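Heads up, what comes next is one protein chain in two forms, each shown on its own as structure tokens, labelled structure 1 and structure 2.
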Structure 1
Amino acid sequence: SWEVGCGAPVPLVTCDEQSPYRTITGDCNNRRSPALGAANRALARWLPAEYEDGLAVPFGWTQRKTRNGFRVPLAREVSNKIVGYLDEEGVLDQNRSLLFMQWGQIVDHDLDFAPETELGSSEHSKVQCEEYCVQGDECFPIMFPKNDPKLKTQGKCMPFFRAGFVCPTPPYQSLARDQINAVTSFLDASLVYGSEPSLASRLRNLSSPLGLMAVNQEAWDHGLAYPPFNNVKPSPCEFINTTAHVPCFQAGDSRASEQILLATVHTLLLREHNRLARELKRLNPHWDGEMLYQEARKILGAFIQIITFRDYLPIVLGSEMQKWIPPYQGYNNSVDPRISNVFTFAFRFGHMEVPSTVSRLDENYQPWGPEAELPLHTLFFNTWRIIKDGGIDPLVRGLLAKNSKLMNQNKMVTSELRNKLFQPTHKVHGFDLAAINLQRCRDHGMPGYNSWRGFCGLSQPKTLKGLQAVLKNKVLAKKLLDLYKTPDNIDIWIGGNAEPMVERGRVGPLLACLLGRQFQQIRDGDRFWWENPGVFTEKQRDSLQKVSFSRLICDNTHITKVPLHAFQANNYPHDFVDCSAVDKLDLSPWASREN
């Protein structure tokens, strides 16, 4: 064991038996194993890690080390030969709104986050990766192949730093490297409220005992709130327009400002917390701030759970939904509610659903201004377009009226993500999320595509024609075998996303299984699930079900025309109704009288 820099948590905390609310960290959810699902613990390993050295090192690291007898291809080569495409025409999903993509990023962010170590690294090590493309320690650069346009204009590589892990702790037993999940595994609004005490406290409005989340003091949205700005230099949201000097938002999850629709969604969630606190106070003016914060949080946590499991999962999983996520039976305390490492790659299917543009739409759902449509890449780390240029209402309208990209075997990831991605700590709109996804797959020691096929009770192709029949695509299978030379060596991100979609869904069979299990586990294994007997009252539960994204939008913006089913492709004015024709969240059953 080399003296490599690493972060390892202790990390223990004590538990309260009677507590009616979740902890911030997610500790104490499970009584028998209180750290299960808590943040800052290892991602769970559904199958043993697969490293080149049966050790931390990742496949692709040493030149002369093969995987199953073949060299693994460069992540950027796979990306260029398989993931990329020119023509954006015909790629939109005729029956998914762009809100469908956006919820998935939201749900992803609630559940997992494996930050790189590099933030905790010496400046000489950061600059050595970028400036010289030299592989060492964490630094694991994505090298360009020879016929790559980025060679000519960017250098010999893209920088990349290995994910954080729980660092060797005694007895230096032979355990493979285990990456950290930095947020709570429970679907618990941790992206709004935080997964650590210190952040969760900074986000709160202490000053007024009304249980409010802190809001921006420097700017407002026709009176409605924005999240506070976050103080830290450098701020990537500053770097992208140094004239506008509008920093990133400060939210319960670090990645909130990564793109403008995510920030929009986080802004909707904040507002609902505050709206709930106010109305609860009215009902219960005797409740103090803590009680009002906790009861609102709890309501918002259920809201995310209902929207995800009632509205989102059925239309991702389609015909496999019932098989993996059958109706609820109550809290089972022997279920592992931890997020698996493989899930953090499975759920990147979202990436194939991101389209190349974003639109702002007026109150007649017509283009908001002369440059109302914008290219996705101009919107990475871009808070100024919100603050300065119309607020969230136009952006929300385009989440409703515009469409997600459909996954498609010869048009996988838009070039806005595949060539023009911006990352903090690098200066250029020049990165490739697909390449990064593959490198990270390796970084995490992921078993290859057949291991997971076999895990999920599915066949394991060994030849070209085997592969063709599974992918139902001769040319893609050809390109894959040319790169891999086998299917055992195909990285799970690209293998799982290549399979045609299941009926009524938007992922294939392998991903539906992987995702399927995970979500079933995080519902069944959660002591605070909204429907779990005892968490809410009977009467509370009849109000809670009524929720809808539509209602969330009406309540927290000045939009009055929304569809009933928001994840559907909805075209206005046909599929749009007056806000009034939509159910509310009835808060009466929260009035807790003396008697």
Structure 2
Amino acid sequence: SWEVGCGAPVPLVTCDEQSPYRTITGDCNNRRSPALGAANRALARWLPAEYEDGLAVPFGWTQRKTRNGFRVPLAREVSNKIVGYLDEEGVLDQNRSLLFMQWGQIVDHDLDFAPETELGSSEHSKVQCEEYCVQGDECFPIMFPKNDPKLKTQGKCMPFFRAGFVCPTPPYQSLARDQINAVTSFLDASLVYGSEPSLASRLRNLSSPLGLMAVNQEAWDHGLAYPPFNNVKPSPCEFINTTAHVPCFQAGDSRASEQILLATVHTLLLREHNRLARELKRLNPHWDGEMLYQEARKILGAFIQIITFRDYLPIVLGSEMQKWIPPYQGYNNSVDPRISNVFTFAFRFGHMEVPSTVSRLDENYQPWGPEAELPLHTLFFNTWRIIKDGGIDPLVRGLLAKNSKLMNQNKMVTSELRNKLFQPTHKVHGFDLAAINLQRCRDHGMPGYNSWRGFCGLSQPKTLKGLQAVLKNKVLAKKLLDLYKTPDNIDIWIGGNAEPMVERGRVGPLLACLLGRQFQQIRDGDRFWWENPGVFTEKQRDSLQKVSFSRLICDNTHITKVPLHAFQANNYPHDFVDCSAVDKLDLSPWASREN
């Protein structure tokens, strides 16, 4: 009831009534409420935020302050006692490729980003949080538990800064704190093009009217494009090897270079766009740059939606797919297309799917070079291994023929992430992605596990044995009740991820509910969904149905043997076929001649 229209937004945004393209910012999608789904607004609250003080202070902020009559355990302790494991044998997913992991991260990055508010120019509390571990305002450091190895080697904390929040971006008053989504809620390739007109154009090739995306001129991949460098300094991709002096790449999403396989997939995504703007030229040489760009962008956005919705989600959601995501019925303007705050946690299930190492594979899909396989941690913010060691193709082969990690209740998150995560301002390959996830739940005012079980029409355990029966695991359940002392207090990230996988999928009931709703809402709520009548011609929509990730690979690399189904486990040379066995993206229906 308070501040019904609050915010310090992207202000002067008006709308074209019959514009055939999405805005960059995702604005003007919904007509009755054109800011719905747009970047740089609040994340949607499916449930009222729960803060220590009901307003903004995170649970665990204040010693003496309990949640339902109990102290919440330290995030790094939940990490250590529950999330970690030593043995990487037996952890691989026998029927999911490493690409399965990778698409997840892509899709996710297109949907949401809640950037930390550090927001200082020449600032003392930057290094002050890291150095001295002094909690305060936006500094909310992850403290070590007693007898934690990182005490011996790193200090007293890992640093952590609270997420951005709307309206008063510096202080706060009388409505609960709400974190920002810096990207568009729609599945619109915002990670290739940007979610700011400012970025969107700094990414374009405006030097020649072919509507191409700007490429790299310093370096090449057998005459294939690289994303341009991001010439901002301090660059972390330079920080990881000062000798190579190779910076991070520049993409529509800022996180592209966090790891080499993410960078890799961003590169396939750039080329597909350029490849598409070239073909449109040949068939429509009368069209200008802008339209070529837009029609390419339009084509790529559909491509991501099909792949995600036809190929990705059925094998994440499995049995719960149809329940939550009925086949398409058309655009409904009453659907909230906004990504919700809990989804930015639910989708972090992908964290448990990341394995310990990355391989590079030659044309016989054999260990490319002597150091073919590398540990994941040496590949954070590492572009130098792409430009100075083989291109994209060997890695794109790694994605096809190696396996995602399997989630496992006794082996959750690998140490490459749980202990050896590199973050940009800091220095050591020494952080804990699991600790962070949990600190973030609290920072974001997340309701606890039972609220969400409640929300999803599932039983709400109150006892050890109850939890045992739901998790189908005595020991896990025990360690959790020992830490959290009531399921009501269990952080949703751990809680949802602890539940056994549903038949034919890769998440448990609760997550499939959360994920399920969200994806349903983003498709049903999108005036520009590829299948929404009048978005494409029926002719255009029949060429669209035949895209594949395999074909994306074939059209954009020099790989000539691919699986038919890229997300399932594929073994070479058995499950591999020559590229010409594979449907293409016919673009005949896009030719629009003068008469």
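The first residue in the sequence of structure 1 is number 1, and each one after it adds one. Only residues modelled in both forms are compared. The term rigid core refers to the maximal set of C-alpha atoms that superpose within 1.5 Å between the two forms.
Only one entry in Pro197, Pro149, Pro234, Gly120 has its C-alpha moved by 2 angstroms or more between the two structures when the rigid core is superposed, and that entry is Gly120. Once you line up the core between the two structures, the Cα of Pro11 ends up 2 Å or more from where it was.
Relative to the superposed rigid core, the position of the CA of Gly289 differs between the two structures by less than 2 Å. Taking 2 Å as the criterion, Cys167 counts as shifted between the two structures: its C-alpha moves by at least this amount when the rigid core is aligned.
Its Cα shifted by 1.1 Å between the two structures, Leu55 is reported here after superposition on the rigid core.
Taking residues common to both forms and aligning the rigid core, Cα displacements of 2 Å or more over three or more consecutive positions between the two structures occur in 1-12, 119-123, 167-174.
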